[PDB]
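Protein chains in written order, with UniProt numbering: chain B, 6 to 107; chain V, 6 to 107. Heads up: the structure comes next, in C-alpha cells.
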DNA sequence: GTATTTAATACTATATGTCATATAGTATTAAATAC
DNA sequence: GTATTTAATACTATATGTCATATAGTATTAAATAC
C-alpha cells in the first residue's frame, strides 16, 4: 500500500534502463517524464485521444451536470454544470495483470 | 476524436525538449517512455499508488462482482467475480484544463 | 546531494443516479521488427 | 526513415446497480528551486 512519487519512478526507470546495459542520466529521465506529462495534458485539452498499446488510453469524456449534487459537509443541494473529464481506460496487459490481485 | 500514438507523443516530447534549448535523441525518449510504462505497470501490480502531483494518480481499486451481469449481445445473465482495476484519478491542473472544453 | 518554500492532496461528512460494465467476432491500426 | 507482420482496439448490442461525486479547511507532502 505504498505511495510512489515521480521521483521514485524516475529512479526505477534509471534502474530498469541500466538492467539492459544502457546508461541514461537521471537528469534526462526526469526531463522526458516532465515533457511527457506536459505533452499529454495539452493533448488532452485539444480533446485528442492518446493510445499506448498494452497499457491504456487517455481521452476526454463528457459528464452530465446535476442539481441533486450535495455538499458532503452540510447536505446543501449544489449545482454542477455539464463538463468534461480526463479518463484513463486500461489496456489488456494492464487490465489482466491487475485483475487477480491480493 | 483524433488519435495520438506513443510515437507521436515521443515526437512531441522531442520538440518540447528542444524548444527549451536541450537535445535528446528520440532514441532515449522512446526508451524512457517504455521503461516508464513498464515501471508503472509493475508498480500497479504491487498495488502501490503512483502520484504525479497535479496531473493525476494511479492506483488499484476493488470492484464488486455480479450475477446481474449481462452479455450485451444476447442478454444472457453472466457472472463476474470481485476483482481489481487500474484507476487514473485526475490532478488539479489536468482536471481544470479539461473541465470547460468545446 | 540538502534546505527552503509553495501549493497540491488526503481527509471527511452521505444522498444521488450518471456512466462503465458485461460479450465476441471483424476490421483497424499501433508499433515492434529488420531493413 | 519505410515495409511487413502481429496482435491490441474500436465497434456493437442494453439492463444493472456499484461507486465516484458534490464541499472546504487542516495537516501533509510532492517537488521545483537554488544552493
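In this text, a Cβ means the ideal position worked out from N, Cα and C, and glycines have one as well.
Among the options, the one whose alpha carbon lies nearest that of residue i
i, options, result
"residue 18 of chain B", "V/82, V/31, V/60 and V/47", "V/47"
"residue 108 of chain B", "B/29, B/74, B/73 and B/66", "The displayed coordinates of chain B run from 6 to 107. Any statement about residue 108 of chain B would go beyond what the structure contains."
"residue 14 of chain B", "V/63, V/97, V/73 and V/87", "V/63"
"residue 72 of chain B", "B/24, B/83 and B/78", "B/83"
"residue 105 of chain V", "B/9, B/68 and B/32", "B/68"
"residue 96 of chain B", "B/80, B/59 and B/24", "B/59"
"residue 33 of chain V", "V/12, V/24 and V/78", "V/12"
"residue 89 of chain B", "V/107, V/20 and V/31", "V/107"
"residue 35 of chain V", "V/27, V/26 and V/10", "V/10"
Residues sharing a beta bridge with residue i, DSSP
i, result
"residue 94 of chain V", "V/62"
"residue 8 of chain B", "V/54"
Residue i - DSSP class collapsed to helix/strand/coil
i, result
"residue 107 of chain V", "coil"
"residue 21 of chain B", "helix"
"residue 99 of chain B", "helix"
Pair within 9 Å by beta-carbon distance, residue i and residue j
i, j, result
"residue 22 of chain B", "residue 40 of chain V", "yes"
"residue 49 of chain B", "residue 102 of chain V", "yes"
"residue 61 of chain V", "residue 99 of chain V", "yes"
"residue 86 of chain B", "residue 37 of chain V", "no"
"residue 52 of chain B", "residue 94 of chain V", "no"
"residue 42 of chain V", "residue 57 of chain B", "yes"
Next item on the list: Entirely within the segment 29-90 of chain B and at least 3 residues each: give me those beta strand (DSSP E) ranges in chain order.
Entry: Listed in chain order, the complete beta strand (DSSP E) runs (minimum 3 residues) inside the segment 29-90 of chain B are 54-57 and 61-68.
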